[PDB]
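K.L.:
Sending over a structure as structure tokens; questions will come in a sec.
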Amino acid sequence: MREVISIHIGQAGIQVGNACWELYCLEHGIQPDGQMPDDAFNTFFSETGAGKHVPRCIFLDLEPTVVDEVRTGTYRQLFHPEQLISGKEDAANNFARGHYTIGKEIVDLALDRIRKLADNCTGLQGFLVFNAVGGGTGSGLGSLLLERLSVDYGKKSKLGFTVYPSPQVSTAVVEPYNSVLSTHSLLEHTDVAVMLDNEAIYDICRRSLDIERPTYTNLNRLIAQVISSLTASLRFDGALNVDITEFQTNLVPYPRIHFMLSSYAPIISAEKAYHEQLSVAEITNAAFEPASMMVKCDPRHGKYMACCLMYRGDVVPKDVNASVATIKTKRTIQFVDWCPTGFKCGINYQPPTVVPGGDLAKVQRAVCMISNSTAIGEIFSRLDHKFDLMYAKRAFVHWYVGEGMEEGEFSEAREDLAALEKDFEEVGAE
Amino acid sequence: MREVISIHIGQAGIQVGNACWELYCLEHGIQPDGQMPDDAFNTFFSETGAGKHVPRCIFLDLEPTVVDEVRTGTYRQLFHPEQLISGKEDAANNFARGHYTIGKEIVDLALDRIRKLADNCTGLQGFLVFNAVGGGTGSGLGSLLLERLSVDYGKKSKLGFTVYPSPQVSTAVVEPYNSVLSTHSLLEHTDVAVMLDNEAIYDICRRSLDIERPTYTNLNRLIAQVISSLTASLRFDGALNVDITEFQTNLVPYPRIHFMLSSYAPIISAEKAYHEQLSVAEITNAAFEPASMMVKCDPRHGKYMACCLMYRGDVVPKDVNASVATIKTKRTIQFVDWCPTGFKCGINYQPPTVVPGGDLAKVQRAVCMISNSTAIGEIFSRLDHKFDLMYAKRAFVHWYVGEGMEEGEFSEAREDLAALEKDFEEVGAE
Amino acid sequence: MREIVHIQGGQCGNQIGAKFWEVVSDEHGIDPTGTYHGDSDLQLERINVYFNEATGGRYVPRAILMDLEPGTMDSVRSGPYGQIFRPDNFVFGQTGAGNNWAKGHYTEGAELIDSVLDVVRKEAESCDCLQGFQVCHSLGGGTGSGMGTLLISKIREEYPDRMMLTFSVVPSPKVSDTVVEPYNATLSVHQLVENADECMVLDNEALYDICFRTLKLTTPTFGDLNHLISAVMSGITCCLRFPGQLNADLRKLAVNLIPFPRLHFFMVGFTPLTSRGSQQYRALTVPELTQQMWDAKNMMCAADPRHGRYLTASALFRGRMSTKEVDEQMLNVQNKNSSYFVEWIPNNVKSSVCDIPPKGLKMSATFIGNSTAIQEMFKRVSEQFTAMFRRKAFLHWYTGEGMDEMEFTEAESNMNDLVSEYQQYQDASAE
Amino acid sequence: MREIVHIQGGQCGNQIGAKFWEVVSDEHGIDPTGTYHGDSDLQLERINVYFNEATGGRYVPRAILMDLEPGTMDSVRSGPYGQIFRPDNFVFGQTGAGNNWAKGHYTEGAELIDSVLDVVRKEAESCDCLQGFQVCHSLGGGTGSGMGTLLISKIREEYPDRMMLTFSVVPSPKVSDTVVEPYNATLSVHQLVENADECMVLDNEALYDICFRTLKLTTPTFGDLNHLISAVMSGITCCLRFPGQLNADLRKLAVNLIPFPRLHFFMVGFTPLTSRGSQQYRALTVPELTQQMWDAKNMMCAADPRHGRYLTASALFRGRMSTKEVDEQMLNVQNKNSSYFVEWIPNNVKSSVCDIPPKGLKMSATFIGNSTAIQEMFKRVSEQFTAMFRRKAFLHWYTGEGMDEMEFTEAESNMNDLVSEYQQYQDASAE
Amino acid sequence: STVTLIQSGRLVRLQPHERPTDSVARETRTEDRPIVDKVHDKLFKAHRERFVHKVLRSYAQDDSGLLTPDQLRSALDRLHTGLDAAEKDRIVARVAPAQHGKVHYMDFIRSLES
Ligand SMILES: Nc1nc2c(ncn2[C@@H]2O[C@H](COP(=O)(O)OP(=O)(O)OP(=O)(O)O)[C@@H](O)[C@H]2O)c(=O)[nH]1
Ligand SMILES: Nc1nc2c(ncn2[C@@H]2O[C@H](COP(=O)(O)OP(=O)(O)OP(=O)(O)O)[C@@H](O)[C@H]2O)c(=O)[nH]1
Ligand SMILES: Nc1nc2c(ncn2[C@@H]2O[C@H](COP(=O)(O)OP(=O)(O)O)[C@@H](O)[C@H]2O)c(=O)[nH]1
Ligand SMILES: Nc1nc2c(ncn2[C@@H]2O[C@H](COP(=O)(O)OP(=O)(O)O)[C@@H](O)[C@H]2O)c(=O)[nH]1
């Protein structure tokens, strides 16, 4: 009844989808074979007559390796074989390759399977698109799929949990290029975009989980916990329910401004757990700590516009109200003048389930804070000069041209990002 | 509800805090794990929802070894991990190191945790600061933290249980230097400063406890018993309850004159126990004996200004009045002309609890005599010559200068202890 | 399922290809008779990248062996892994090119090039999807350089979009093997600039330096040099063949390495190269691997990176490692040596991670540097070419094969323009 | 978590450092292969002070070995605990310094000092917190003294605030080994006064006297003297590594010991040093250890304390003892020998207690005394240096290594100024 | 409960009956490869080696490192590998006792290190 269709595009999307679906299977008791030994799974799983539960997900990639690892691993009997869609040639970190030449047939088949999945959903809260801003497959094919979804499905809420390049550390070279292109693409298609940075999540793991060697599996586990906290209000009942439609209506002040900082709390290992109270006020403060942001962007530079809090576990409205009052009275946290409330609290009675073999401990309470704040303009400012530093010399431009782009596409994307900067400045200022 | 925040700075502060918290746990029945099998613990412990009682204490030190001994000791699950604060480099018996260069970040974090702790207290009777005048951590960091507390918390009563260097025996060489500096500091911040000397407590253990080889554990156990006698009226009820706020007004004639001799009675081992009557009159006379002073300062040279008696156990008020009347009629005990009353009696119905493995015996009665007397200026007179003898040659001055200190500070500290000398002379005078 | 067609050209190219195919057969558990004997499913995951299955369990390399004299591939067949190759893929002439690029490209290469393209097309059509062709050969030799460049041109004409990867053994600076090395290298570089999408420069003297200083071998035969080259050629494509935490194909490396089409020449290095004595004493850590990667001695090209500036640099790591450690290490390297990195590129490092290390190694890493230091290599070769061309020494050998004199001038002009590109982007300032 | 970087210099310094690391590994239960076999949590509690954890369970000492000839560290590596050290920490030249301080500080130390500082910086940057550096070497030798002074100067420039501790084996009074010992010592003392923050003075003949009069040994090789020095070097820092009832770090010892910065030379002693015969006949009491500690023979320094005056004296005890006992004993010593103690310092005792005694001994005590007695040692070194320097014997080698002849006058003047400091603070009166 | 094996880029999807199921947890087979990868990541990537060594030594009362297989299972549970009982049994069976549970922590760590 409250079905949400999950799309995982690119290596990053698929690798966070592995963690997400492991988390969902653990949360709903679904064994990796597919079936579990009510109807809270309907948001993410559709049950067949035999009793087997198949997720409403779609793994899209132009490279066979990442999807084939899923086909070979433990969750080989869980996902639908045709739902796993694999290309033949990788996009090679080329937005043009993933958006104009290789991505066409792949996204056509993706729309076909998405249509089949939506036909199996009585309701449809929306789409959860998990991709990687900064890679040809994630950026190009993800943008193409988002455009097609906006064309056909229309008003369905598409929540894009994008992973943007980190400020200083990075793994690709043309990452600013395809990041700017994908940002121009998804500024006008996704309904709520959530920013995530590998540097920020590495910092979170190093400080809070005390992992000196964090890895992609740990990052994806944290992201999966964030998304599970987001969707907990759809699957488990609780006081102050939040809906997928309600996230926008409480978070997106203007259509252009829909990019979101995310912070989960508490992030504590098994060793350091049960050593502090971890009460509601403390975990709310931890969530509002700038160091707990999953984006390398200091909120102190900007001003919060909206803050949606998702509480999980033993949380009471007295406690959430007191915590939010303390946060408001805190002088470090600064809100815009035109949003006096700026807070959307939603509680859920289901504590976050702990993945065995993960570093997170079993905490009876959790807070997931998703904030629309004008500080996020800083990361766009960083990418805006990282892109144009190369684009002044037109470095790697011939690569993008070879697969059917023009200098005009780069110019328009960069102009749109500058306009987004101007819009952020305008909304932040009085 | 009548909470007192405990602070322990430096090796001596933390090591007397070990005995103090062992004693408080034994007195309130709190097991080392954190929980006990009404509301008398609230003064020293804050109970959590799980039933675990965590002490309202803060262990501050720039050296990691002493705090790590606590973190690994039996009391590892009792104390709060963040409450135990450990530095990186020791003050190296340098007041400048502990007050100007290394101590800044540590004291900032200390005030952070102190603010958190004081938030969890409905009321706040005061602070109990246990440190070591005669070492950089105790002197420098302790003085800095006392300044911080005096400025921000303000009118909360801070009781500084300071240990000054003994007249002849000592373990440090720059001990006169940093002792003069820290006395110069704490003359203006602490509200009641309790004087202690290792030589005096060693003599007490040698004659009364018959310990031919006294050690720091025994000294700290005696100090802890004294402090428990001080705080018994906050946690247990009894006739003539005395409050932390009552101590100063009953004991401090003038703002600068707030240094106080402390003397416990009885100090008897088990073998000598139950072999003398230990009546109220006899234990009072023992408390007023010169040898029972925990500071190497003969009371006979000076005159008592005020004497506050804390009785614990089966004590009847006529017995306290008869004993104190005999004390007044005694010729050896001499009061100032301007304080005819000079006595602050306070009884309590809880006999002193005995630490297993200690030397103190289970005595049904106990007296802690805390006296303001003009005699105590003699110890400052000793240090005032110990200081200037070295300062004439400016030995070890470069060490203090290197960490941001000046000749003016040494000169001003010496001036201020000379001022304290004149103040004690003037209070003694008619 | 992204197939790579291997081509070996000339004596040096054939020997390097034999070593490389023996290394790959070891890594995929293929015995010299072609049967799989690995006892690991990871070996057969992506064996199609390099091999085709026979009627039985036999696996035949997708390799094409080239020569104008049969002796070199007679030795190749007599080698330990000479029987894996399909005998139809051995294409030989009868009179070898006398270290004559003209003979290997125009006169004697013309007859054999038809058969070479037939074999290449037959191998490429069997591919489900074709990543591209990798050609191992040596600049400064007749049949190798000439035939390899001719085949590269033909394959570029037939399959423009497919990748072209080249492993060229550029003549060594200090000691020259043959006299006509500057002529052959100058003529071959001109073809490789226009045709080859991706090129790796190897120098025998640099390999001697690395095998004598790091491996500490005192009498290294050509087998050791071919072994190091084969390790590099395996590590460059291990991401195609094994699952990776952050995988990256040849096209991805080319996109992240090549800023402008003409600047596709790279110097490569492979880590960890450890002496037998210090094998136990060395610690396998990501910082140690990165430190050995960025050392100038680790480069298999004669030019040292210190003189030039790194335009780009890819690092393909192998092993179960922390992506945080990898990214932090190379970010720290960039920050420390920012003088040696180009300013107008915010990030000059392309990190790739594969989960399967080479056999016996806990961790490894191949480094591919696009740096302006290769400018001095080209400059030296041009200094030799000009000295010989001014007096037309040995020029009649090329002239009598039906090559115009103007072709030498055109090749040298192109090579000098490439040098100008490298210098201009070395000294190019942002804004 | 307060680390110490150990450095060994010269043959004597390298041997003493090897013995010291053997003793420390014995104390921490580290077998020569690096694995922990101590069966005590406290041993691994602070093992990071001296060691770093390797890829496995192995622990590598934070030691750096310097030499100009390879034979000494070849013997060190062949020794019982030679395999614990990292091979990258062995820095050697090829031609040893011919007992020439000029050769070890100017000509032959100049090239190797870059590698030495590189290894030192690598070891120091890995430390979370750095207490400082300790350099073990011998005055009166070429490579030892020369490279020790040069490295100490370099490290002082790099890390001015970090502690610098030196264990210098001053040439013996009566029987001298090499001819140029007074020259080398005079040149080294000038550098040690300016750079090293804290310095221990040791004598081979003083060690021989103590080992024949207290230990009553028959044939004491250099190994026994090195063992005694190693015991002192462990006992000086056992407070950092083990919990103590009254702990004191190196900076605390320096602050309480050094009245004026240039007077930072100290004589050390270890107790209880008992003969094998009188092990049962002696009784381990704190008064016994104090009586042995204040004996003139217990000093490892040739200068006898009786002639001079004790400026300061620290005593670091190890074992379960009464702080009252220790304090009373040392106060009684000061009162009894008040004539030998400086008047204008009311307390000349810095007593520290650690809770962990050395293995085999129930309790121990190390003594570090700053007394004006070492004035006579510096005076004797001057009486030799002047005797040779008045005729410039043996001087032409030093002149030929590129150090000016005025430098000898500089060094002698500075050392004589230090002598003047010791004498005037010996005869200084209060008020 | 079929197992999908990718041979030369295509999915074989072999039946469970054909697989021998050696019950050793060998990383060579892709069936047990994720298990070994998880154990390696938790032991080395996530946990500090000093902490792992301390945990393993704690169960070794003899201080010689000789740990029983049951003690190894308890150590893995304490280290939070997250494996099932059968997976932990296979990871323990990766090493073989010498005389009677004589496998030591250094041997086990060497087995799971590379
Ligand atoms: N947070 C996070 N980011 C990841 C993870 N895996 C990959 N990424 C990011 O994803 C980016 C590349 O993803 P993809 O575009 O899908 O890579 P691909 O599958 O080879 O496709 P192309 O790069 O377009 O050719 C990299 O820059 C990484 O920063 C992951 O597990 N967690
Ligand atoms: N009564 C008593 N006094 C002690 C004890 N431990 C140390 N002291 C005294 O405390 C003084 C020094 O205290 P601290 O400043 O804390 O020593 P530290 O922790 O090493 O810090 P710094 O000396 O400043 O480097 C010494 O002179 C001792 O006289 C103890 O256990 N009991
Ligand atoms: N690394 C390596 N280089 C070789 C080998 N054989 C020849 N070379 C080098 O390759 C260069 C060119 O020779 P080559 O191309 O094989 O001659 P061709 O076959 O007649 O064209 C010579 O300068 C040799 O130094 C080999 O087995 N390994
Ligand atoms: N205690 C001790 N002293 C030594 C040892 N070997 C040499 N010495 C003394 O150290 C002094 C200086 O020698 P040294 O500086 O090491 O010579 P160098 O290495 O050539 O500079 C000599 O006079 C020796 O008497 C040893 O093993 N132990």
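Residues are referred to by chain and number: the chain letter is A, B, ... according to the order shown in the structure tokens, the number counts from 1 in that chain, and ligands are numbered separately from 1 in the order shown.
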Mind checking which residues fall within 7 Å of residue B:79, counting only C-alpha atoms, ignoring those fewer than 3 positions away in the same chain, and posting them as a ChimeraX atom specification?

P.N.:
/B:54-55,75-76

K.L.:
Near stretch 384-397 of chain C, within 9 Å and counting only C-alpha atoms, which residues show up once chain neighbours fewer than 5 positions away are dropped, as a PyMOL selection string?

P.N.:
chain C and resi 100+102-103+179-183+185-186+379+405+408-409+412

K.L.:
Among stretch 51-196 of chain A, which residues does DSSP mark as strand (DSSP E) when it is run on the backbone? Keep the chain and numbering as in the structure and answer as a PyMOL selection string.

P.N.:
chain A and resi 53-55+57-61+84-86+126-130+157-164+192-196

K.L.:
Find the residues in chain D near chain C: any atom within 12 Å counts, using only C-alpha atoms. Write them as a list in words.

P.N.:
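Every residue of chain D that passes the 12 Å test is in residues 53, 54, 55, 56, 58, 60, 83, 84, 85, 86, 87, 88 and 89 of chain D.
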
K.L.:
Set the distance at 12 Å and use only C-alpha atoms: which residues neighbour residue B:200 once local chain neighbours fewer than 5 positions away are removed? I'd like the list as a ChimeraX atom specification.

P.N.:
/B:163-169,195,205-208,214,219,222-223,261-263,290-298 /D:324

K.L.:
Could those selected residues go to a file with N, CA, C and O atoms, as a short mmCIF file (atom, residue, chain, number, x, y, z; two decimals), in the first residue's frame?

P.N.:
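Wrote result.cif, looks like this:
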```
data_model
loop_
_atom_site.label_atom_id
_atom_site.label_comp_id
_atom_site.auth_asym_id
_atom_site.auth_seq_id
_atom_site.Cartn_x
_atom_site.Cartn_y
_atom_site.Cartn_z
N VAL B 163 47.06 20.65 49.48
CA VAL B 163 48.17 20.06 50.21
C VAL B 163 49.39 20.93 49.97
O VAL B 163 49.93 20.95 48.86
N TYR B 164 49.83 21.65 50.99
CA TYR B 164 51.06 22.42 50.82
C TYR B 164 52.29 21.58 51.14
O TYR B 164 52.20 20.53 51.77
N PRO B 165 53.46 22.02 50.68
CA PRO B 165 54.70 21.32 51.03
C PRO B 165 54.96 21.36 52.52
O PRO B 165 54.65 22.33 53.21
N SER B 166 55.56 20.28 53.02
CA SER B 166 55.92 20.17 54.41
C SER B 166 57.11 21.09 54.72
O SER B 166 57.81 21.53 53.81
N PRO B 167 57.33 21.41 56.01
CA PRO B 167 58.43 22.31 56.35
C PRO B 167 59.79 21.81 55.89
O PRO B 167 60.49 22.51 55.15
N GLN B 168 60.17 20.61 56.32
CA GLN B 168 61.49 20.08 56.01
C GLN B 168 61.46 19.02 54.91
O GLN B 168 62.27 19.08 53.98
N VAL B 169 60.55 18.06 54.99
CA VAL B 169 60.53 16.97 54.04
C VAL B 169 59.78 17.39 52.78
O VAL B 169 58.77 18.09 52.85
N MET B 195 43.95 23.21 54.57
CA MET B 195 45.39 23.02 54.50
C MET B 195 45.73 21.59 54.85
O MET B 195 45.16 21.01 55.78
N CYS B 205 50.07 8.96 61.13
CA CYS B 205 50.09 7.53 60.87
C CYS B 205 51.14 6.83 61.71
O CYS B 205 50.96 5.67 62.12
N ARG B 206 52.25 7.51 61.99
CA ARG B 206 53.33 6.89 62.74
C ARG B 206 52.97 6.72 64.21
O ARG B 206 53.20 5.66 64.79
N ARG B 207 52.40 7.76 64.83
CA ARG B 207 52.15 7.65 66.26
C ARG B 207 50.79 7.02 66.57
O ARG B 207 50.70 6.14 67.43
N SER B 208 49.74 7.46 65.88
CA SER B 208 48.39 7.04 66.22
C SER B 208 48.01 5.73 65.55
O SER B 208 47.44 4.85 66.20
N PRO B 214 54.35 4.60 56.54
CA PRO B 214 53.16 5.19 55.92
C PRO B 214 53.37 5.42 54.44
O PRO B 214 54.49 5.63 53.97
N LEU B 219 47.69 8.01 53.51
CA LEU B 219 47.44 9.44 53.61
C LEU B 219 46.11 9.80 52.96
O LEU B 219 45.29 10.52 53.53
N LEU B 222 43.08 8.76 54.96
CA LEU B 222 42.79 9.70 56.04
C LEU B 222 42.13 10.97 55.51
O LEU B 222 41.15 11.46 56.09
N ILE B 223 42.64 11.50 54.40
CA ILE B 223 42.05 12.70 53.82
C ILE B 223 40.61 12.44 53.41
O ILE B 223 39.72 13.28 53.62
N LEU B 261 42.92 24.69 59.23
CA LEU B 261 43.46 23.42 59.69
C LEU B 261 42.34 22.39 59.80
O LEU B 261 41.21 22.72 60.18
N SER B 262 42.66 21.15 59.47
CA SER B 262 41.73 20.04 59.61
C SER B 262 42.35 19.00 60.53
O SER B 262 43.54 18.73 60.46
N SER B 263 41.53 18.44 61.42
CA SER B 263 42.02 17.43 62.35
C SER B 263 40.93 16.41 62.62
O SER B 263 39.82 16.76 63.01
N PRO B 290 47.82 19.44 69.67
CA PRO B 290 48.64 19.97 68.56
C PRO B 290 49.09 18.91 67.59
O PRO B 290 49.23 19.19 66.39
N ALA B 291 49.33 17.68 68.06
CA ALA B 291 49.84 16.64 67.18
C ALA B 291 48.78 16.16 66.20
O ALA B 291 49.11 15.64 65.13
N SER B 292 47.50 16.31 66.55
CA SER B 292 46.43 15.84 65.68
C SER B 292 46.21 16.74 64.47
O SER B 292 45.40 16.40 63.61
N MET B 293 46.88 17.89 64.40
CA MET B 293 46.75 18.76 63.25
C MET B 293 47.31 18.07 62.01
O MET B 293 48.39 17.48 62.05
N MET B 294 46.57 18.14 60.90
CA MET B 294 47.06 17.61 59.64
C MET B 294 47.93 18.59 58.89
O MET B 294 48.11 18.45 57.67
N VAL B 295 48.48 19.58 59.58
CA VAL B 295 49.43 20.52 59.02
C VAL B 295 50.54 20.73 60.04
O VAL B 295 50.26 20.88 61.24
N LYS B 296 51.78 20.74 59.58
CA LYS B 296 52.90 20.90 60.50
C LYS B 296 52.93 22.34 60.99
O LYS B 296 53.79 23.13 60.58
N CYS B 297 51.99 22.68 61.87
CA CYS B 297 51.88 24.04 62.40
C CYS B 297 51.36 23.93 63.82
O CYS B 297 50.23 23.47 64.04
N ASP B 298 52.17 24.32 64.79
CA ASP B 298 51.78 24.25 66.18
C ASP B 298 50.67 25.25 66.46
O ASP B 298 50.88 26.46 66.27
N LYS D 324 56.95 7.73 52.60
CA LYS D 324 57.49 8.25 53.85
C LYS D 324 58.91 7.76 54.08
O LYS D 324 59.80 8.55 54.43
#
```

K.L.:
Should the cut-off be 10 Å, what would the residue list for chain E against chain D look like, counting only C-alpha atoms, as a list in words?

P.N.:
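Every residue of chain E that passes the 10 Å test is in residues 49, 50, 53, 54, 57, 61, 62, 63, 64, 65, 105, 106, 109, 110 and 113 of chain E.
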
K.L.:
Which residue out of A:116, A:272, A:300, A:80 has the minimum interatomic distance to chain B when only C-alpha atoms are used?

P.N.:
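Counting only C-alpha atoms, the residue closest to chain B is A:272.
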
K.L.:
Show me, as a list in words, the residues that have an atom within 12 Å of residue A:26 when counting only C-alpha atoms, minus same-chain residues fewer than 2 positions from it.

P.N.:
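Neighbouring residues, sequence-local ones excluded: residues 19, 20, 21, 22, 23, 24, 28, 29, 30, 31, 32, 34, 35, 36, 41, 224, 225, 228, 352, 353, 354, 355 and 356 of chain A.
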
K.L.:
Any residue with an atom at most 8 Å from ligand 2 counts, using only C-alpha atoms and all ligand atoms. Which are they? Put them as a PyMOL selection string.

P.N.:
(chain B and resi 9-16+61-63+66+90-95+98+131-140+163-165+170-172+175+196-198+201+215-217+219-220+223) or (chain D and resi 245-249+252)

K.L.:
Using only C-alpha atoms and all ligand atoms, what table do you get, as JSON lines, when you list each residue of chain C with an atom no more than 7 Å from ligand 3, its nearest pair of atoms, and their distance in Å rounded to one decimal, rows by chain then rising number?

P.N.:
```
{"residue": "C:10", "atom": "CA", "partner": "ligand 3", "partner_atom_place_in_ligand_line": "19 (O)", "distance": 3.5}
{"residue": "C:11", "atom": "CA", "partner": "ligand 3", "partner_atom_place_in_ligand_line": "16 (O)", "distance": 3.6}
{"residue": "C:12", "atom": "CA", "partner": "ligand 3", "partner_atom_place_in_ligand_line": "16 (O)", "distance": 3.6}
{"residue": "C:13", "atom": "CA", "partner": "ligand 3", "partner_atom_place_in_ligand_line": "16 (O)", "distance": 6.3}
{"residue": "C:15", "atom": "CA", "partner": "ligand 3", "partner_atom_place_in_ligand_line": "27 (O)", "distance": 4.8}
{"residue": "C:16", "atom": "CA", "partner": "ligand 3", "partner_atom_place_in_ligand_line": "28 (N)", "distance": 5.9}
{"residue": "C:96", "atom": "CA", "partner": "ligand 3", "partner_atom_place_in_ligand_line": "20 (O)", "distance": 6.8}
{"residue": "C:97", "atom": "CA", "partner": "ligand 3", "partner_atom_place_in_ligand_line": "20 (O)", "distance": 5.9}
{"residue": "C:98", "atom": "CA", "partner": "ligand 3", "partner_atom_place_in_ligand_line": "20 (O)", "distance": 6.4}
{"residue": "C:99", "atom": "CA", "partner": "ligand 3", "partner_atom_place_in_ligand_line": "20 (O)", "distance": 5.1}
{"residue": "C:137", "atom": "CA", "partner": "ligand 3", "partner_atom_place_in_ligand_line": "15 (O)", "distance": 6.5}
{"residue": "C:138", "atom": "CA", "partner": "ligand 3", "partner_atom_place_in_ligand_line": "15 (O)", "distance": 4.5}
{"residue": "C:139", "atom": "CA", "partner": "ligand 3", "partner_atom_place_in_ligand_line": "12 (C)", "distance": 6.0}
{"residue": "C:140", "atom": "CA", "partner": "ligand 3", "partner_atom_place_in_ligand_line": "12 (C)", "distance": 5.0}
{"residue": "C:141", "atom": "CA", "partner": "ligand 3", "partner_atom_place_in_ligand_line": "21 (O)", "distance": 3.5}
{"residue": "C:142", "atom": "CA", "partner": "ligand 3", "partner_atom_place_in_ligand_line": "21 (O)", "distance": 4.0}
{"residue": "C:143", "atom": "CA", "partner": "ligand 3", "partner_atom_place_in_ligand_line": "21 (O)", "distance": 4.0}
{"residue": "C:144", "atom": "CA", "partner": "ligand 3", "partner_atom_place_in_ligand_line": "21 (O)", "distance": 3.7}
{"residue": "C:145", "atom": "CA", "partner": "ligand 3", "partner_atom_place_in_ligand_line": "21 (O)", "distance": 6.1}
{"residue": "C:169", "atom": "CA", "partner": "ligand 3", "partner_atom_place_in_ligand_line": "10 (O)", "distance": 6.3}
{"residue": "C:171", "atom": "CA", "partner": "ligand 3", "partner_atom_place_in_ligand_line": "23 (O)", "distance": 5.8}
{"residue": "C:176", "atom": "CA", "partner": "ligand 3", "partner_atom_place_in_ligand_line": "23 (O)", "distance": 6.8}
{"residue": "C:177", "atom": "CA", "partner": "ligand 3", "partner_atom_place_in_ligand_line": "23 (O)", "distance": 4.5}
{"residue": "C:178", "atom": "CA", "partner": "ligand 3", "partner_atom_place_in_ligand_line": "23 (O)", "distance": 5.9}
{"residue": "C:204", "atom": "CA", "partner": "ligand 3", "partner_atom_place_in_ligand_line": "1 (N)", "distance": 5.9}
{"residue": "C:222", "atom": "CA", "partner": "ligand 3", "partner_atom_place_in_ligand_line": "28 (N)", "distance": 4.7}
{"residue": "C:223", "atom": "CA", "partner": "ligand 3", "partner_atom_place_in_ligand_line": "27 (O)", "distance": 6.5}
{"residue": "C:225", "atom": "CA", "partner": "ligand 3", "partner_atom_place_in_ligand_line": "1 (N)", "distance": 5.0}
{"residue": "C:226", "atom": "CA", "partner": "ligand 3", "partner_atom_place_in_ligand_line": "1 (N)", "distance": 5.0}
```

K.L.:
Please check the contacts: residues of chain B at most 12 Å away from chain A, using only C-alpha atoms, listed as a list in words.

P.N.:
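Within 12 Å of chain A on chain B, we get residues 33, 34, 46, 47, 48, 49, 50, 51, 52, 53, 54, 76, 77, 78, 79, 80, 81, 82, 83 and 116 of chain B.
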
K.L.:
Give as a PyMOL selection string every residue of chain A that touches chain E within 7 Å, counting only C-alpha atoms.

P.N.:
chain A and resi 71-72+211+213+356-357

K.L.:
Keeping only C-alpha atoms, write the selected residues as an mmCIF file, in the first residue's frame.

P.N.:
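In the end it all went to out-v4.cif:
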```
data_model
loop_
_atom_site.group_PDB
_atom_site.id
_atom_site.type_symbol
_atom_site.label_atom_id
_atom_site.label_comp_id
_atom_site.auth_asym_id
_atom_site.auth_seq_id
_atom_site.Cartn_x
_atom_site.Cartn_y
_atom_site.Cartn_z
ATOM 1 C CA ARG A 71 24.324 -12.213 -8.840
ATOM 2 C CA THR A 72 27.108 -14.313 -7.294
ATOM 3 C CA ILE A 211 37.871 2.898 12.453
ATOM 4 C CA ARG A 213 40.723 2.115 7.915
ATOM 5 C CA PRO A 356 25.661 -8.272 12.570
ATOM 6 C CA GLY A 357 29.268 -7.835 11.535
#
```

K.L.:
With distances taken over only C-alpha atoms and all ligand atoms, which of D:62, D:190, D:264, D:227 is nearest to ligand 4?

P.N.:
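So, comparing all the options, the nearest one is D:227.
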